[PDB]
2 protein chains.
Amino acid sequence: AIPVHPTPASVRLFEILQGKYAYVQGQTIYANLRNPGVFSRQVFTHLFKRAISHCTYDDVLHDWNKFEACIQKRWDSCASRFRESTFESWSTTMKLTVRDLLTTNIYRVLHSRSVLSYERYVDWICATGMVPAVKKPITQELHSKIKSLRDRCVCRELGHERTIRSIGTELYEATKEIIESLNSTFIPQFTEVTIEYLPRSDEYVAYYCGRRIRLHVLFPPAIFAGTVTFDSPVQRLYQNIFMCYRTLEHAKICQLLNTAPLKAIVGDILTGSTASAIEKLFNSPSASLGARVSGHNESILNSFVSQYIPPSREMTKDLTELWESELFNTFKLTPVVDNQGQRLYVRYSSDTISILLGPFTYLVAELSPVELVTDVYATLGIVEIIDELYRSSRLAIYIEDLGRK
Amino acid sequence: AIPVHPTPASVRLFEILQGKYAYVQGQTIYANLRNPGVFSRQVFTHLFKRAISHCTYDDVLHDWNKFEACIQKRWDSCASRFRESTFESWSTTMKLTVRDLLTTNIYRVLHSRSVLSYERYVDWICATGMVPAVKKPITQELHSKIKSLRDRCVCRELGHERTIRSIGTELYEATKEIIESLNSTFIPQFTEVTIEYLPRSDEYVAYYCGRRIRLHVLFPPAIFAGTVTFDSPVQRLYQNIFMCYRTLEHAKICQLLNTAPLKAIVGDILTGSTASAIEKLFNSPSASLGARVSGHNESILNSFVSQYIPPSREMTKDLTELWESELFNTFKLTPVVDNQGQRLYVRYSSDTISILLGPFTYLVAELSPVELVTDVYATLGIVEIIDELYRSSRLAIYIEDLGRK
């Protein structure tokens, strides 16, 4: 039995998740990888993939035959290129008339209340290399918020495209198993739960409201007999950040201690009429400073003077790029820049989703049939990846099979 | 029961949303993402999509048939290219007749009094990660602000375009479903309502006029035993901005205390005749400074002088880019810049609308059938997105269906 969370050193470590003690410009990049949305990209494009894969080629071809049966009563040798153009435009409106309803329903199921958050995951793994895998069995939100007819109300039109009537049902029921899986799982905060490690027969015990909950080691900490330190991104910086905090408060201490314009040895304010503002502090005891010897018999032979400025902002300036280097390296962050651009587009890499969302979606989340994605799947627009999925979809490759008749 | 909102540290946090305590050049970018109208982009292109989706192909083809019936009484072998050119003209005035109608009606319904504001939204989520949901049931303003004929008297002309008489009515009634949905909700101010936490069996309780009113969590605060800290963009900067405020007021304190040109120790003004301006302050007690020892028996052996200014503007300057990095990172802001351009066009990204208006339009506001936008949907002109929608809209594809006869 040894504590992991509620030790003073580890709560000092958990504090740097927020900004309470020390903060610089490099720690702003920590929130950028703390940004969720990339997890919604995962379930998003994965349910697009599930909706787009399960389709039959034989349905869309008879849809095209009935589509031509629609146009022959509306409109010989010129009909060859007429049928080519109307098929091309049929493919275009097929992409459109799937993509709009997908954009409605999938964003509708996407921005539900999810008690699981990537944001509450990424700070925990970077803090201690450990994550509480909490299985919270309340799952009555999804059927209450969405039960039926949300897939049925929008699709009622003239052209009874049975492709949509086949895909909307399977994509609708597929989300009812996926949102189930994420909302069944749970990740808490830190300030009210704790985590316990027993050295004797080494396992780890989670705690929240009095029970041992499931867990997943990723970065096992170094337990010496005197203290425990965690192999973590932030605790690879820990006492350097505390050193910068110490010298900054030290700098303000000396700055506030030499404010007197003159040193003796014994032996509403921000804005106002400056003439009266002179009077309001010249009488104040901030002006004088008479230093003291303790013993009255103890005399002073010589006296010196040296105000001193410790290099505070210099200590902040290198520690900014200290933060930048660690969060470019241990999490693969490639700054997409312009010519002499000062880090304008900070983006996930190929392997950093395998090292953050890879373990996330497959260890603490039981999202079994979901995948990781490409660089340009997460880089591009979230609706602009939809037609790109379409460009390598089973559907549009069947339609480009129909692309030659 | 512990307070969240009216506590002194958190009301200092809600204050720095405004400019009252400390303010730098980086906090100017905070208003740029505070700009509403990007919510109007959402409802605007969503209702254009709703207007253009419900259209039928059969209405416009016989409309073109009657359009040719109009021109045969006004105007053989040359008639092939004559009919091609007049169809191209009919397409162009079709775009014109949807554009002028829609810009009147939709900018008319768009800039009504909306009690919901994105400006009143984005400040809450950045402050505490928390939003209070208010449902004000007063929804009687839509029938008074618009009844009918704003869509009709503009199109009451010679050519009875049944495309307009078919789609204007359904877009007209659909807008009433959307303005009702937004103005039913309400997001409040902060200086009169409160947010509050019960630690035991944790939930979050909102209050306006004595009722536990609805709300939604996004970023769970760190509640320790002494204080509460909210995982927020601004409170990740909180004591650094307070440190800059402290050193700026301390800098002005030392500047105001060191105005004397001469340091003794005991033992209308802005513009005027400068010869009399010498007279008006030389006799004044602002000039002199004779510092004091308390004890008259207490003597001084040695005495010093040290003027000192802390690096005030230096402490402001790095905190500018502190704000710049944080509001480029935790809200994804890509500065559209020129060669060595100093951050000229600060624009929303693909993912930051998913992290800000994504939760807004779907979770705190119950706008179900609305969508998100793209990068170029939000970048381009709001009338230049009309014709860009037309570059991929179902009626205009049906005109491009007719584009080859």
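Computed from the coordinates by the stated procedures, all read-outs in this text should not be read as laboratory data. Note: ideal-geometry Cβ built from the backbone for every residue, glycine included; neighbour counts use all protein chains shown.
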In the range B:132-164, anything of a type outside the set (D, E, K, R) and under 30 Å from the mean Cα position of the chain (by Cα) is listed as B:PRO132, B:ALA133, B:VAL134, B:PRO137, B:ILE138, B:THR139, B:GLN140, B:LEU142, B:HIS143, B:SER144, B:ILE146
Step by step: first the residues of the range A:128-155, then only those that are β-branched (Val, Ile, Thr) and more than 13 Å from A:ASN105 (Cα to Cα), then the one that is surrounded by the fewest Cβ atoms within 10 Å (Cβ to Cβ). Which residue is that? A:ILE138
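Only one residue in B:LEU322, B:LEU395, B:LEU367 is over 17 Å from the mean Cα position of the chain (by Cα) and within 8 Å of chain A (Cβ to nearest Cβ), so which one is that? Spell out the reasoning first.
Details: B:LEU395 fails: within 8 Å of chain A (Cβ to nearest Cβ); B:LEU367 fails: within 8 Å of chain A (Cβ to nearest Cβ).
Being over 17 Å from the mean Cα position of the chain (by Cα) and within 8 Å of chain A (Cβ to nearest Cβ) holds for just one of B:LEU322, B:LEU395, B:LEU367, which is B:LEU322.
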In this structure, is A:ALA251 outside any helix (DSSP H, G or I) and of a type in the set (A, V, I, L, M)? no
Looking for something facing chain A (nearest Cβ under 9 Å), closer than 17 Å to B:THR316 by Cβ and either touching a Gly at 6+ places or on another chain (Cβ under 6 Å) or among the charged types (D, E, K, R) (or both) - is there at least one such residue anywhere in the range B:250-269? yes
Is there a residue in the range B:327-350 that is more than 10 Å from chain A (Cβ to nearest Cβ), polar (S, T, N, Q), under 25 Å from the mean Cα position of the chain (by Cα) and surrounded by fewer than 13 Cβ atoms within 10 Å (Cβ to Cβ)? yes
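Only one of these is out of contact with any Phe, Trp or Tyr (no Cβ under 9 Å at 6 or more places or on another chain), surrounded by fewer than 20 Cβ atoms within 10 Å (Cβ to Cβ), within 30 Å of A:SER89 (Cα to Cα) and more than 10 Å from chain A (Cβ to nearest Cβ): B:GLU388, B:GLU384, B:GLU400. Name it.
Unique residue meeting the criteria: B:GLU384.
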Taking B:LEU101, is it buried (at least 17 other Cβ atoms within 10 Å of the Cβ) and touching a strand residue (DSSP E or B) at 6+ places or on another chain (Cβ under 8 Å)? no
Go through (1) crowded, with 17+ Cβ neighbours inside 10 Å; (2) part of a loop (DSSP other than H, G, I, E, B) for A:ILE195 and report which single condition fails. (2)
Going through (1) more than 26 Å from A:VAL383 (Cβ to Cβ); (2) in contact with a strand residue (DSSP E or B) (Cβ under 8 Å, 6 or more places away or on another chain); (3) not basic (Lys, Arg) one by one, A:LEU116 fails only at (1)
Out of the range A:72-95, which residues are among the aliphatic types (A, V, I, L, M) and surrounded by 17 or more Cβ atoms within 10 Å (Cβ to Cβ)? A:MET94
Where the second residue is among the charged types (D, E, K, R) and the first is under 23 Å from B:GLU177 (Cβ atoms) and lies in the range B:353-380, which pairs have Cβ atoms under 6 Å and are six or more apart or on separate chains? B:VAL373/B:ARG41
Looking at B:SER232, B:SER286 in this structure, which one is among the small types (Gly, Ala, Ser), part of a loop (DSSP other than H, G, I, E, B) and surrounded by fewer than 19 Cβ atoms within 10 Å (Cβ to Cβ)? B:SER286
Please identify the pairs in which a residue from the range B:144-163 that is under 19 Å from B:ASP59 (Cβ atoms) has its Cβ atom under 6 Å from the Cβ atom of a residue that is hydroxyl-bearing (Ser, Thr, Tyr), counting only partners at least 6 apart or on another chain. B:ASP151/B:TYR172
Check off (1) in a helix (DSSP H, G or I); (2) closer than 30 Å to A:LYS263 by Cα for A:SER299 and give me the number that stays unchecked. (1)
